[PDB]
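Notes follow once the structure below has been shown.
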């Protein structure tokens, strides 16, 4: 629900989620990077 | 070719070279080229049908993901998911309408496909 929940998940965990493609993972990274955040903090 | 009695691509691909060389205006280079084209046409036709349904191309590529039966591979290929890469690129939502595929089973197959394509 929150950005703080998303930032704790690893890239390998997000790829296990249902309806989660490589394209949507790249979108999430690019958007988090635009805000100075990274996956796995 | 039809007046000389050839009706199929198989006849042109496999008939003895002597019978094709008896046709007026065929030389050995043109007969070899005609046979190579006939064999390539036969190969292409087979591959196209095998990718459209689940005969061989999708029965090996799309069916690489552990769990894919031949019926499911043909259902995937009917949606344009012909290869193990095409399946690795799908979401669960893109496969949700396939009769006999639960969201959990779709998720497991996509993850198995990704493990082979992206982490093998």
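Residue numbers (our numbering), protein chains in the order written: chain Y, 9 to 49; chain P, 21 to 140. Every residue gets a Cβ at the ideal spot worked out from N, C-alpha and C, and that includes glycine.
Let's test the definition: count the other Cβ atoms within 10 Å of the Cβ of residue i and tell me whether it reaches 16, buried, or not, exposed.
i: residue 107 of chain P; result: buried
i: residue 88 of chain P; result: buried
i: residue 104 of chain P; result: buried
i: residue 133 of chain P; result: buried
i: residue 69 of chain P; result: exposed
i: residue 41 of chain P; result: exposed
i: residue 74 of chain P; result: buried
i: residue 116 of chain P; result: exposed
i: residue 58 of chain P; result: buried
Kindly list the residues whose CB is nearer than 7 Å to the CB of residue i, restricted to its own chain and excluding five residues on each side of it in sequence; keep chain order.
i: residue 102 of chain P; result: 71, 77, 78, 81 and 82
i: residue 85 of chain P; result: 104, 107, 129, 132 and 133
CB-CB under 8 Å to residue i, same chain, minus the five flanking residues each way: which ones, in chain order?
i: residue 36 of chain Y; result: 14, 22 and 47
i: residue 112 of chain P; result: 123, 126, 127 and 130
In chain order, what residues of the same chain have a beta carbon less than 6 Å from the beta carbon of residue i, not counting five sequence neighbours either side?
i: residue 96 of chain P; result: 82
Any heavy atom of the ligand MG closer than 8 Å to the beta-carbon of residue i?
i: residue 12 of chain Y; result: For the structure depicted, the ligand MG is absent and the ligand set is empty, with no information on it obtainable.
(message) Beta carbons nearer than 9 Å to chain P: which residues of the stretch 12 to 36 of chain Y have them?
(response) 23, 24, 25, 26, 27, 28, 29, 30, 31 and 32
(message) At a CB distance below 9 Å, what residues from the stretch 88 to 114 of chain P approach chain Y? Give them in sequence order.
(response) 108, 109, 110, 111, 112, 113 and 114
(request) Note down, one range per segment and in chain order, each alpha helix (DSSP H) of at least 4 residues found wholly within the stretch 28 to 92 of chain P. (result) 29 to 34, 37 to 41 and 48 to 72
(message) Tell me whether the stretch 24 to 41 of chain Y and the stretch 25 to 35 of chain P touch, counting them as touching only if at least three CB pairs, one residue from each stretch, are closer than 8 Å.
(response) no
(message) By the 7 Å beta-carbon criterion, what residues does the stretch 119 to 134 of chain P contribute toward chain Y?
(response) 123, 127, 131 and 134
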